[PDB]
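Report on the following structure.
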Number of protein chains: 2
Amino acid sequence: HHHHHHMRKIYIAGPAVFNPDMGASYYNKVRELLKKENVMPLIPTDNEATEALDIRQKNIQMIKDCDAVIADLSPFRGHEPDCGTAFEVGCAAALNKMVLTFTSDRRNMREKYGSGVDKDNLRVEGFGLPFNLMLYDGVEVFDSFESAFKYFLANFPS
Amino acid sequence: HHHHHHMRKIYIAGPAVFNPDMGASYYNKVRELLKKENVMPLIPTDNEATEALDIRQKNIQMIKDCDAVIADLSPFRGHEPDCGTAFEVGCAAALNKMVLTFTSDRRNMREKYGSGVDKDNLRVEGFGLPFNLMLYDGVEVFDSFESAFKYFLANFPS
């Protein structure tokens, strides 16, 4: 009786923070979905500090604390995912955390750019993947937060 | 006599790999500079595999093996650094490796975009930094590979 009970935690990585509402609508949808499953969202803007290094360190700690990262790798300011999100996925990979990714655009990079090179003759990756291959670890690239979360529930039981 | 001697190693992160020459000119300059100091460059395209996951794993291992990362965070396909490079910086951070960064453009993000929002009304960070704050750890942002390498030599002795 009354053993410690772990509450599952997911780090919510993605450029929704740059939305005019600072991610509110995105984070609210995440909160409502996770609440049903007794899963804690670890959100980048939670208890926000004022200094860049403090913000960064708190986010890195969230990744250390999490059971998984669900990362929004949707196009940000062009065809490439957000670099902040990419940094967070790298952190998670190094820490051997479950990393689940999604995007609004699942086309191959070469389909997105329409060629094997960009407008400046720089090479576009040709590995049949939607984004930089460093961001792919073998887990299916999902179509939405919701489909990534379903994988989490099926693969990280309470 | 004849104790093991560690050879210093630096992971060479950056989007030079997407150059028409696959980074040859960049990597050659790096090789020549490091050779003088008996430092090994760990280069992303070295002994390259054919499968995405193998390429990724070999690169992650280079980061595990390195004493530092020197990362090229120059604008890539716009004002944002390369996401592959950003993933590698996150990996290094999580592994407590020395991370040294440089860029060809040291202006604040808000100077680069010319406003507190981008063309789509998405927020541009206002922390007086040249790129996403996740990529800044308190070490000076350098102007070139060479100036970052000088910091390495001064701060990671043989």
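Labeling convention for the structure tokens: chains A, B, ... as they appear, residues from 1 per chain, ligands from 1 in order of appearance.
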Find the residues near segment 66-77 of chain A: any atom within 8 Å, counting only C-alpha atoms, skip ones fewer than 2 places away on the same chain, and give them as a PDB file with N, CA, C and O atoms, in the first residue's frame.
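As written to disk, out29.pdb reads:
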```
ATOM      1  N   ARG A   8       3.768   9.853 -15.586  1.00  0.00           N
ATOM      2  CA  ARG A   8       4.415   9.971 -16.895  1.00  0.00           C
ATOM      3  C   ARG A   8       4.504  11.421 -17.350  1.00  0.00           C
ATOM      4  O   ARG A   8       3.616  12.223 -17.060  1.00  0.00           O
ATOM      5  N   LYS A   9       5.586  11.749 -18.056  1.00  0.00           N
ATOM      6  CA  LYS A   9       5.883  13.129 -18.442  1.00  0.00           C
ATOM      7  C   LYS A   9       6.378  13.187 -19.885  1.00  0.00           C
ATOM      8  O   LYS A   9       7.236  12.390 -20.289  1.00  0.00           O
ATOM      9  N   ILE A  10       5.837  14.130 -20.653  1.00  0.00           N
ATOM     10  CA  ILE A  10       6.272  14.338 -22.040  1.00  0.00           C
ATOM     11  C   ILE A  10       6.703  15.784 -22.253  1.00  0.00           C
ATOM     12  O   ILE A  10       5.955  16.714 -21.956  1.00  0.00           O
ATOM     13  N   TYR A  11       7.914  15.960 -22.773  1.00  0.00           N
ATOM     14  CA  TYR A  11       8.402  17.277 -23.161  1.00  0.00           C
ATOM     15  C   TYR A  11       7.781  17.692 -24.491  1.00  0.00           C
ATOM     16  O   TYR A  11       7.790  16.932 -25.465  1.00  0.00           O
ATOM     17  N   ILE A  12       7.227  18.901 -24.518  1.00  0.00           N
ATOM     18  CA  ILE A  12       6.444  19.364 -25.663  1.00  0.00           C
ATOM     19  C   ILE A  12       7.295  20.304 -26.513  1.00  0.00           C
ATOM     20  O   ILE A  12       7.284  21.527 -26.322  1.00  0.00           O
ATOM     21  N   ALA A  13       8.027  19.720 -27.456  1.00  0.00           N
ATOM     22  CA  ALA A  13       8.994  20.462 -28.267  1.00  0.00           C
ATOM     23  C   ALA A  13       8.367  20.914 -29.574  1.00  0.00           C
ATOM     24  O   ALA A  13       7.640  20.152 -30.219  1.00  0.00           O
ATOM     25  N   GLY A  14       8.639  22.156 -29.965  1.00  0.00           N
ATOM     26  CA  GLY A  14       8.102  22.661 -31.228  1.00  0.00           C
ATOM     27  C   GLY A  14       7.958  24.165 -31.261  1.00  0.00           C
ATOM     28  O   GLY A  14       7.889  24.809 -30.207  1.00  0.00           O
ATOM     29  N   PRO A  15       7.892  24.732 -32.476  1.00  0.00           N
ATOM     30  CA  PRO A  15       7.877  26.180 -32.676  1.00  0.00           C
ATOM     31  C   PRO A  15       6.537  26.874 -32.416  1.00  0.00           C
ATOM     32  O   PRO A  15       6.401  28.054 -32.752  1.00  0.00           O
ATOM     33  N   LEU A  42       5.393  18.718 -20.176  1.00  0.00           N
ATOM     34  CA  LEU A  42       6.478  19.615 -19.791  1.00  0.00           C
ATOM     35  C   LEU A  42       6.655  20.625 -20.917  1.00  0.00           C
ATOM     36  O   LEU A  42       7.174  20.297 -21.983  1.00  0.00           O
ATOM     37  N   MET A  62      13.855  19.743 -18.246  1.00  0.00           N
ATOM     38  CA  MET A  62      12.604  19.102 -18.653  1.00  0.00           C
ATOM     39  C   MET A  62      12.870  17.852 -19.480  1.00  0.00           C
ATOM     40  O   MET A  62      12.240  16.814 -19.269  1.00  0.00           O
ATOM     41  N   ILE A  63      13.821  17.946 -20.410  1.00  0.00           N
ATOM     42  CA  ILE A  63      14.202  16.794 -21.211  1.00  0.00           C
ATOM     43  C   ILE A  63      14.802  15.684 -20.344  1.00  0.00           C
ATOM     44  O   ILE A  63      14.453  14.516 -20.504  1.00  0.00           O
ATOM     45  N   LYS A  64      15.686  16.048 -19.415  1.00  0.00           N
ATOM     46  CA  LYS A  64      16.209  15.070 -18.457  1.00  0.00           C
ATOM     47  C   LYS A  64      15.075  14.401 -17.662  1.00  0.00           C
ATOM     48  O   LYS A  64      15.124  13.198 -17.390  1.00  0.00           O
ATOM     49  N   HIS A  79      11.119  25.149 -45.504  1.00  0.00           N
ATOM     50  CA  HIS A  79      10.920  23.696 -45.481  1.00  0.00           C
ATOM     51  C   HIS A  79      11.610  22.978 -44.310  1.00  0.00           C
ATOM     52  O   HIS A  79      11.354  21.801 -44.074  1.00  0.00           O
ATOM     53  N   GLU A  80      12.502  23.673 -43.610  1.00  0.00           N
ATOM     54  CA  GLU A  80      13.287  23.064 -42.539  1.00  0.00           C
ATOM     55  C   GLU A  80      12.538  23.184 -41.202  1.00  0.00           C
ATOM     56  O   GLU A  80      11.863  24.193 -40.960  1.00  0.00           O
ATOM     57  N   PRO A  81      12.643  22.160 -40.335  1.00  0.00           N
ATOM     58  CA  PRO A  81      12.111  22.279 -38.974  1.00  0.00           C
ATOM     59  C   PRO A  81      12.806  23.385 -38.162  1.00  0.00           C
ATOM     60  O   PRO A  81      13.853  23.906 -38.572  1.00  0.00           O
ATOM     61  N   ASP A  82      12.203  23.745 -37.033  1.00  0.00           N
ATOM     62  CA  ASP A  82      12.780  24.685 -36.071  1.00  0.00           C
ATOM     63  C   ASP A  82      14.081  24.156 -35.441  1.00  0.00           C
ATOM     64  O   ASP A  82      14.123  23.027 -34.936  1.00  0.00           O
ATOM     65  N   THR A  85      13.816  23.244 -31.636  1.00  0.00           N
ATOM     66  CA  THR A  85      13.225  21.912 -31.549  1.00  0.00           C
ATOM     67  C   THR A  85      14.266  20.835 -31.901  1.00  0.00           C
ATOM     68  O   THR A  85      14.368  19.816 -31.217  1.00  0.00           O
ATOM     69  N   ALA A  86      15.050  21.075 -32.955  1.00  0.00           N
ATOM     70  CA  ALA A  86      16.105  20.151 -33.369  1.00  0.00           C
ATOM     71  C   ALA A  86      17.164  19.926 -32.279  1.00  0.00           C
ATOM     72  O   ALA A  86      17.576  18.784 -32.027  1.00  0.00           O
ATOM     73  N   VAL A  89      15.591  17.646 -29.674  1.00  0.00           N
ATOM     74  CA  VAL A  89      15.589  16.257 -30.151  1.00  0.00           C
ATOM     75  C   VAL A  89      16.976  15.612 -29.988  1.00  0.00           C
ATOM     76  O   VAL A  89      17.084  14.449 -29.576  1.00  0.00           O
ATOM     77  N   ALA A  92      17.566  14.880 -26.308  1.00  0.00           N
ATOM     78  CA  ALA A  92      16.795  13.684 -25.967  1.00  0.00           C
ATOM     79  C   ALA A  92      17.465  12.402 -26.465  1.00  0.00           C
ATOM     80  O   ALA A  92      17.549  11.416 -25.730  1.00  0.00           O
ATOM     81  N   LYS A  97      16.240   9.060 -24.448  1.00  0.00           N
ATOM     82  CA  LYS A  97      14.811   9.233 -24.222  1.00  0.00           C
ATOM     83  C   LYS A  97      14.055   8.814 -25.471  1.00  0.00           C
ATOM     84  O   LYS A  97      14.559   8.968 -26.590  1.00  0.00           O
ATOM     85  N   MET A  98      12.846   8.293 -25.286  1.00  0.00           N
ATOM     86  CA  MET A  98      11.947   8.051 -26.410  1.00  0.00           C
ATOM     87  C   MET A  98      11.686   9.367 -27.140  1.00  0.00           C
ATOM     88  O   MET A  98      11.279  10.356 -26.530  1.00  0.00           O
ATOM     89  N   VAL A  99      11.931   9.382 -28.444  1.00  0.00           N
ATOM     90  CA  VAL A  99      11.675  10.585 -29.230  1.00  0.00           C
ATOM     91  C   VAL A  99      10.640  10.278 -30.303  1.00  0.00           C
ATOM     92  O   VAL A  99      10.840   9.390 -31.133  1.00  0.00           O
ATOM     93  N   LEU A 100       9.541  11.026 -30.266  1.00  0.00           N
ATOM     94  CA  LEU A 100       8.454  10.884 -31.233  1.00  0.00           C
ATOM     95  C   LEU A 100       8.286  12.200 -31.966  1.00  0.00           C
ATOM     96  O   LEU A 100       8.205  13.255 -31.344  1.00  0.00           O
ATOM     97  N   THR A 101       8.237  12.139 -33.291  1.00  0.00           N
ATOM     98  CA  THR A 101       8.187  13.352 -34.083  1.00  0.00           C
ATOM     99  C   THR A 101       6.965  13.358 -34.986  1.00  0.00           C
ATOM    100  O   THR A 101       6.457  12.297 -35.363  1.00  0.00           O
ATOM    101  N   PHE A 102       6.493  14.559 -35.313  1.00  0.00           N
ATOM    102  CA  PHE A 102       5.451  14.715 -36.330  1.00  0.00           C
ATOM    103  C   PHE A 102       5.697  15.937 -37.209  1.00  0.00           C
ATOM    104  O   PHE A 102       6.519  16.797 -36.877  1.00  0.00           O
ATOM    105  N   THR A 103       4.993  15.989 -38.341  1.00  0.00           N
ATOM    106  CA  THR A 103       5.055  17.131 -39.245  1.00  0.00           C
ATOM    107  C   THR A 103       3.775  17.246 -40.053  1.00  0.00           C
ATOM    108  O   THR A 103       3.134  16.247 -40.371  1.00  0.00           O
ATOM    109  N   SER A 104       3.426  18.481 -40.384  1.00  0.00           N
ATOM    110  CA  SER A 104       2.300  18.777 -41.263  1.00  0.00           C
ATOM    111  C   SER A 104       2.610  18.484 -42.740  1.00  0.00           C
ATOM    112  O   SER A 104       1.723  18.558 -43.587  1.00  0.00           O
ATOM    113  N   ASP A 105       3.862  18.141 -43.041  1.00  0.00           N
ATOM    114  CA  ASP A 105       4.306  17.921 -44.421  1.00  0.00           C
ATOM    115  C   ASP A 105       5.268  16.739 -44.455  1.00  0.00           C
ATOM    116  O   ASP A 105       6.436  16.868 -44.078  1.00  0.00           O
ATOM    117  N   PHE A 145       0.346  15.675 -33.473  1.00  0.00           N
ATOM    118  CA  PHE A 145       0.623  15.434 -32.068  1.00  0.00           C
ATOM    119  C   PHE A 145      -0.144  14.206 -31.578  1.00  0.00           C
ATOM    120  O   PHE A 145       0.417  13.353 -30.901  1.00  0.00           O
ATOM    121  N   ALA A 148       1.276  10.785 -32.629  1.00  0.00           N
ATOM    122  CA  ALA A 148       2.493  10.563 -31.846  1.00  0.00           C
ATOM    123  C   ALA A 148       2.139  10.168 -30.401  1.00  0.00           C
ATOM    124  O   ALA A 148       2.725   9.242 -29.842  1.00  0.00           O
ATOM    125  N   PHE A 149       1.157  10.849 -29.813  1.00  0.00           N
ATOM    126  CA  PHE A 149       0.737  10.547 -28.444  1.00  0.00           C
ATOM    127  C   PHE A 149       0.153   9.138 -28.314  1.00  0.00           C
ATOM    128  O   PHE A 149       0.355   8.474 -27.303  1.00  0.00           O
ATOM    129  N   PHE A 152       2.980   6.809 -27.941  1.00  0.00           N
ATOM    130  CA  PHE A 152       3.482   6.907 -26.570  1.00  0.00           C
ATOM    131  C   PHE A 152       2.665   6.008 -25.635  1.00  0.00           C
ATOM    132  O   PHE A 152       3.225   5.199 -24.891  1.00  0.00           O
TER     133      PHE A 152
END
```
Which of segment 5-74 of chain A fall in alpha helix (DSSP H), as a list in words: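 Selecting the alpha helix (DSSP H) positions of segment 5-74 of chain A gives residues 24, 25, 26, 27, 28, 29, 30, 31, 32, 33, 34, 35, 52, 53, 54, 55, 56, 57, 58, 59, 60, 61, 62, 63, 64 and 65 of chain A.
Counting only C-alpha atoms, the residue from B:37, B:31, B:154, B:88 that sits nearest to residue 59 of chain B is B:88.
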Dump as a PyMOL selection string the residues of chain B that approach chain A to within 8 Å, counting only C-alpha atoms. chain B and resi 18-20+51-53+56+60+80-84+86-95+121-124+127+132-138
Keeping only N, CA and C atoms, write those residues as a compact mmCIF listing (two decimals), in the first residue's frame.
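Dumped everything to out-v4.txt:
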```txt
# COMPACT_ATOMS: atom_id res chain seq x y z
N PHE B 18 26.53 20.40 -47.34
CA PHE B 18 25.55 20.66 -48.40
C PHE B 18 26.11 21.50 -49.55
N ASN B 19 27.37 21.93 -49.43
CA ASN B 19 28.08 22.60 -50.52
C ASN B 19 28.19 21.68 -51.74
N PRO B 20 28.23 22.25 -52.96
CA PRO B 20 28.38 21.43 -54.16
C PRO B 20 29.51 20.40 -54.04
N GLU B 51 23.03 4.11 -45.58
CA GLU B 51 21.72 4.20 -44.94
C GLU B 51 21.67 5.34 -43.92
N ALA B 52 20.58 6.11 -43.98
CA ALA B 52 20.37 7.27 -43.11
C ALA B 52 20.68 6.98 -41.64
N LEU B 53 20.14 5.88 -41.12
CA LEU B 53 20.27 5.55 -39.70
C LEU B 53 21.72 5.25 -39.32
N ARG B 56 23.56 8.66 -39.28
CA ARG B 56 23.19 9.29 -38.02
C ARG B 56 23.94 8.69 -36.83
N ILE B 60 26.54 10.50 -34.23
CA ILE B 60 26.32 10.53 -32.79
C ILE B 60 27.52 9.97 -32.04
N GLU B 80 18.10 31.31 -40.06
CA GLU B 80 18.21 30.27 -39.03
C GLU B 80 19.41 29.35 -39.32
N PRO B 81 20.13 28.89 -38.27
CA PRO B 81 21.16 27.86 -38.50
C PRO B 81 20.57 26.55 -39.03
N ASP B 82 21.45 25.65 -39.48
CA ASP B 82 21.08 24.31 -39.93
C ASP B 82 20.58 23.44 -38.77
N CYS B 83 19.42 22.81 -38.97
CA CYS B 83 18.82 21.92 -37.96
C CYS B 83 19.63 20.67 -37.64
N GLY B 84 20.34 20.14 -38.64
CA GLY B 84 21.22 18.98 -38.41
C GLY B 84 22.32 19.37 -37.44
N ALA B 86 22.14 21.90 -35.36
CA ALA B 86 21.45 22.17 -34.09
C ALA B 86 21.22 20.90 -33.27
N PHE B 87 20.79 19.83 -33.94
CA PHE B 87 20.65 18.50 -33.31
C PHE B 87 21.98 18.06 -32.71
N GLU B 88 23.07 18.26 -33.45
CA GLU B 88 24.40 17.85 -32.98
C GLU B 88 24.87 18.66 -31.76
N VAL B 89 24.54 19.95 -31.73
CA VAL B 89 24.84 20.82 -30.59
C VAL B 89 24.06 20.36 -29.34
N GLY B 90 22.81 19.96 -29.53
CA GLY B 90 21.99 19.42 -28.43
C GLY B 90 22.52 18.11 -27.87
N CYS B 91 22.91 17.20 -28.77
CA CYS B 91 23.59 15.96 -28.41
C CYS B 91 24.80 16.25 -27.52
N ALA B 92 25.65 17.16 -27.99
CA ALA B 92 26.88 17.53 -27.28
C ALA B 92 26.59 18.13 -25.91
N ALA B 93 25.58 19.01 -25.85
CA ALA B 93 25.16 19.62 -24.59
C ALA B 93 24.75 18.58 -23.56
N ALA B 94 23.92 17.62 -23.99
CA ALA B 94 23.42 16.56 -23.12
C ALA B 94 24.54 15.64 -22.64
N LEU B 95 25.61 15.54 -23.43
CA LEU B 95 26.76 14.71 -23.09
C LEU B 95 27.85 15.50 -22.36
N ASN B 121 4.11 37.00 -39.14
CA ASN B 121 3.73 37.47 -37.80
C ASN B 121 4.10 36.49 -36.67
N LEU B 122 5.11 35.66 -36.92
CA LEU B 122 5.63 34.76 -35.90
C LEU B 122 6.74 35.47 -35.14
N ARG B 123 6.78 35.24 -33.83
CA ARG B 123 7.68 35.96 -32.94
C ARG B 123 9.15 35.67 -33.22
N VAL B 124 9.94 36.74 -33.26
CA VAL B 124 11.39 36.66 -33.37
C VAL B 124 11.95 36.92 -31.98
N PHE B 127 16.37 38.36 -27.14
CA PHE B 127 17.32 38.13 -26.04
C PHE B 127 18.72 38.61 -26.42
N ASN B 132 18.44 31.08 -32.21
CA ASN B 132 17.63 30.43 -31.18
C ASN B 132 18.41 30.26 -29.89
N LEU B 133 17.84 30.73 -28.78
CA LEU B 133 18.58 30.76 -27.50
C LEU B 133 19.03 29.38 -26.99
N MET B 134 18.40 28.31 -27.48
CA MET B 134 18.80 26.95 -27.10
C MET B 134 20.25 26.67 -27.52
N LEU B 135 20.70 27.39 -28.54
CA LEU B 135 22.03 27.18 -29.12
C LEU B 135 23.15 27.97 -28.43
N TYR B 136 22.78 28.78 -27.44
CA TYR B 136 23.73 29.61 -26.70
C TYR B 136 23.91 29.07 -25.28
N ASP B 137 25.14 28.75 -24.90
CA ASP B 137 25.42 28.21 -23.57
C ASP B 137 26.28 29.10 -22.66
N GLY B 138 26.56 30.32 -23.10
CA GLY B 138 27.36 31.25 -22.29
C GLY B 138 28.76 31.46 -22.83
```
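Rounded to one decimal, atom CA of residue 7 of chain B and atom CA of residue 153 of chain B lie 12.9 Å from each other.
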How far is it from atom CA of residue 35 of chain A to atom CA of residue 157 of chain A, in Å with one decimal?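 Between these atoms lies a distance of 15.2 Å.
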Would you mind reading off the distance between atom CA of residue 116 of chain A and atom CA of residue 142 of chain A, one decimal, in Å? 24.3 Å
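Minimum atom-to-atom distance to residue 6 of chain B, evaluated using only C-alpha atoms, belongs to B:39 out of B:25, B:110, B:48, B:39.
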Please identify the strand (DSSP E or B) residues within segment 1-153 of chain A (assignment by DSSP from backbone atoms) and present them as a list in words. residues 9, 10, 11, 12, 13, 40, 41, 42, 68, 69, 70, 71, 72, 98, 99, 100, 101, 102, 117, 123 and 142 of chain A
